[PDB]
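Coordinate analysis (summary)
Chain residues, written in single-letter form:
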Amino acid sequence: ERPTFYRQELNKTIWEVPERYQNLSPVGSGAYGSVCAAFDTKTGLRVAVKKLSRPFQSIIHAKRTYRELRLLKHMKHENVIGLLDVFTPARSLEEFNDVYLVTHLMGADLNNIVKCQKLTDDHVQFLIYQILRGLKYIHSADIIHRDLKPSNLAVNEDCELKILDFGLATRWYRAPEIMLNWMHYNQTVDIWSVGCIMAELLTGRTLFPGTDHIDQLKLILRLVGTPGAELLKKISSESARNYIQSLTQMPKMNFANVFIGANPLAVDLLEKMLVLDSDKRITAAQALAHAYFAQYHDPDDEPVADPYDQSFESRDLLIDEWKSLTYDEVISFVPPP
Ligand SMILES: CCc1nc(-c2cccc(C)c2)c(-c2ccnc(NC(=O)c3ccccc3)c2)s1
Ligand SMILES: CCCCCCCCO[C@@H]1O[C@H](CO)[C@@H](O)[C@H](O)[C@H]1O
């Protein structure tokens, strides 16, 4: 049957949750809603419960709620945030107004683990491996993260890592094409980010700590060189081309000297991730097979996602339609094993 709910005032609204979730304590809040830590008596897990704010206030809010719930329900992988539970106190669609999402309580992100220090090479292999493993899965669903950074990487005390699309400096890890509003993005935009994160774990220093947009791009070109002919022939914007040919030629730096001291296999991998031309960057699948990850790579335990129907993105529906579709997704949810 339906669980027994209780009501408690938290973050200035009445939260109504199943009695399995105990000891709600706010962690934080913002425009999106707010989040309480709780204990799930049923599973023995520490969890985070998020009450969405204004989920159906407008067409756009409603479609965003639907998008969020669909994504969360589809993501079932150890290195990606997933859903333990979703609930509403409403007993019918007619009563449906509030959506609550439940996931594992997370207490630290990659910045907290790193502390601007060098990590050991073995530690970097393990962390980067997990990121790539999660990215293979995400990319296999025809999804691109687009803003992968340390603040979106949760890590527990066993340094098990999960990719998030939220947080628990902002542009230092972005692909250069993303910062130049290129569109037509490749999934390897995320691989650029992995390269920036990996470099920083090894060296203890941000790779491209630009002061602003143009400075970021200047630091990038100084390392990887100015665009070569092969890259230039794929640029359709006549302003971008003539600006690019007008810059002084700079060669690609010698990565072996830049990251001197590093495992030469790490250097090799960085050379394959941090390529300006997104078409020539290594994929997540290819990177998992790279010799750097030999102690962790298991081709039979690097799973891919089921096909992910994102056709709803192209649709323009009424608020009550998005609301109804969301309600269907709440009611049909089956918790993980
Ligand atoms: C958009 C903003 C956020 N959303 C969630 C969240 C919560 C439940 C379900 C889902 C899908 C996301 C967040 C979440 C999820 C899990 N753990 C946390 N934990 C924390 O924020 C945290 C931070 C410091 C100390 C202790 C705890 C937050 S943060
Ligand atoms: C002056 C700085 C130049 C930055 C060049 C970035 C090149 C990124 O690479 C480009 O990505 C596009 C997808 O986004 C693809 O369509 C192109 O084929 C690919 O070359």
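Concerning helix α6 (residues 213-224)
- Between its terminal C-alpha atoms α6 stretches 17 Å, which fits the 16 Å expected from 12 residues at 1.5 Å a residue.
- Considered for burial, the residues of α6 that qualify are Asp215, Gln216, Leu217, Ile220, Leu221, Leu223 and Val224.
- Structurally, α6 contributes buried residues whose contacts are with α4 (176-179), α5 (189-203) and α9 (255-258).
- The backbone nitrogen of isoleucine 214 has a side-chain oxygen 3.3 Å away, supplied by the residue at the start of α6, namely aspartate 212.

A short note on the site of ligand 1
- By nearness alone, 15 residues border ligand 1, and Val27, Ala48, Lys50, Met106 and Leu168 come closest of all.
- Here a nitrogen atom of ligand 1 and a side-chain polar atom of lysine 50 are 3.2 Å apart.
- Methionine 106 places a polar main-chain atom, nitrogen or oxygen, 2.7 Å from a nitrogen atom of ligand 1.
- Summarising the interface, the protein chains cover 82% of the accessible area of ligand 1, which totals 630 Å² for the free molecule.
- Put simply, the parts of the chain that give the shell around ligand 1 at least two residues each are β5 (45-52) and β7 (100-104).
- A per-element tally of the shell around ligand 1 places β7 first, with 3 residues.
- In this structure, the shell around ligand 1 is formed jointly by two domains, domain 1 (15-107) and domain 2 (108-304), each of which donates at least three residues.

Some remarks on the domain arrangement of the chain
- Partitioning the chain into domains gives domain 1 (15-107) and domain 2 (108-304).
- Each side of the interface is counted separately: domain 1 has 11 residues, and domain 2 has 18 residues.
- Taking both partners together, domain 1 and domain 2 bury about 1400 Å²; carbon and sulfur atoms supply 59% of that area.
- Contact with domain 2 buries area across many residues of domain 1, yet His77, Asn79 and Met106 alone supply 43% of it, more than any other trio.
- Linking domain 1 to domain 2 there are 1 salt bridge.

Some points on the pattern of salt bridges
- Under the definition given, this model contains 14 salt bridges.
- Measuring nitrogen to oxygen at the nearest pair gives 2.9 Å for the salt bridge that ties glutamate 78 to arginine 133. Placement of the pair is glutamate 78 in the loop between α1 (59-74) and β6 (85-87) and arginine 133 in helix α3 (residues 121-140), with a sequence separation of 55 residues.
- Residue classification places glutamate 78 among the exposed positions, given a relative accessible area of 53%.
- On the basis of relative accessible area, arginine 133 is assigned to the buried category, the value being 5%.
- Linking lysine 272 and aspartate 268 is a salt bridge whose minimum nitrogen-to-oxygen distance equals 2.7 Å. Taken as a pair, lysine 272 and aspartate 268 lie in helix α10 (residues 264-273) at a separation of 4 residues, close to a single helical turn.
- Assessed through its relative accessible area of 36%, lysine 272 is described here as partly exposed.
- Each of the salt bridges in this network shares a partner with another, and the network as a whole consists of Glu78, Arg133 and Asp301.

Some points on the sheet that holds β5
- Pairing is antiparallel in the open sheet, where 5 strands are placed in the order β3-β4-β5-β7-β6. Each having just a single partner strand, β3 (21-30) and β6 make up the two edges of the open sheet. Strand-to-strand twist across the sheet, computed as the mean angle between neighbouring axes with direction ignored, equals 25°.

Here is what the cut-offs are and how they apply
- Residues numbered from 1 in each chain as written, not as in the entry; some residues may be left out.
- Chains lettered and ligands numbered in written order.
- Heavy atoms only, no water.
- Helix = DSSP H or I, 4+ residues; strand = E, 2+ residues; numbered from the N terminus.
- Expected span 1.5 Å × (residues − 1).
- Buried < 20%, exposed > 50% of the residue type's maximum accessible area, 1.4 Å probe, protein only.
- Contact = heavy atoms within 4.5 Å.
- Polar contact = N/O pair within 3.5 Å; in protein donor to acceptor, adjacent residues only side chain to side chain.
- Near = heavy atom within 4 Å.
- Areas by Shrake-Rupley, 256 points an atom, 1.4 Å probe, with all protein chains shown as cover.
- Domains from an automatic or database assignment.
- Buried area = accessible area lost by both parts, 1.4 Å probe.
- Salt bridge = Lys/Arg side-chain N within 4 Å of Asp/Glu carboxyl O.
- Pairing = 2+ DSSP bridges.
- Axes fitted to C-alpha atoms, helices over the stretch in contact; angles between N-to-C directions.

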